[PDB]
């Protein structure tokens, strides 16, 4: 095998690193995280111009056709800079449409590539919230559909032109495209842990168009993989910052990084991140081979949800007082890692879902 990025993805990684580094400064983050949209619109525009919105999307749509691994390289760099833009909701939605959408829906994708059209995904509900069995209902309306129900904390909803909403129709769970101005659709802005502005969506017989019959299980697995990629970047950036901090911070006449207990917490972070990374790329390779049993994506997401949350808790404790200060960078990684580790369910929910797939695959 091979555990190295090729030429193209390494180039992509460097371009994403430069752009996130240019924009995700202390000053910009503070302004964006207190704005009405909570979205860095300047960064979004630089990503579009640089080709990064299109790199994972089909060539027909004006993108590069590099697919899921391209998206994960970009999302890892995003996480490393905790930069606030709705990359995974827009680009996961865009990939769902490229793969399972009608020709009409694929006409949306050039606008995503050039940066004028943002999307989001509404995959969660309050309460039990089984993402594979949405409570939200889809009722046929001639050749289209109408949706009724509620979706919880839909990410980065401000300025989204379209939503992919999961719902249950007469033939089971599905994924439906909804325009953000559609009649009967409303939401309440709600602030999340990461300081994103999400929306709690109310759907009163909202008109919608179905994607292909396989869209929802496929999309849940791609979203789990994308979230793992963000969390890998979050955990990696967090460890890097903490390491540099502890080399310099002295107590008792020596750097804190000379204490054996400190070195072991750092080493445990390092181990968790390495495990997270191999399990992420296994999920990417499984997606490439058309795997549909969903195991590899859940392994990857569990590592994100358990190991990744472990890392940002350690990097919080190791900083002591300075790490609680919102004018110091590390608290943001805790915020991101905390929120990502519960997105589409937490670690325990993943282990239950994964254990059922193992049992069903055994028989």
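Positions refer to the first chain, counted from 1.
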Exercise. Higher mean Cα B-factor in the deposited model: 53 to 61 or 305 to 313?
Worked result: 53 to 61
Seminar exercise, completed: Of 130 to 138 and 282 to 290, the stretch with the higher mean C-alpha B-factor in the deposited entry is 282 to 290
For this session: Go through 231, 102, 166, 193 one by one and give the residue whose Cα B-factor in the PDB entry is largest.
Result: 102
Seminar exercise, completed: Of the residues 221, 274, 77, 248, the one whose Cα carries the largest B-factor in the deposited record is 248
Problem set entry | Ranked against its chain, the third holding the CA B-factor of residue 235 | lowest
Exercise. Among the modelled residues of its chain, does the C-alpha B-factor of residue 319 lie in the lowest, middle or highest third?
Worked result: middle
For this session: Going by the recorded CA B-factors, say which third of the chain residue 335 sits in, lowest, middle or highest.
Result: lowest
Exercise. Which third of the chain does residue 87 land in by C-alpha B-factor: lowest, middle or highest?
Worked result: lowest
For this session: Quick one: classify residue 108 as lowest, middle or highest third of the chain based on its Cα B-factor.
Result: highest
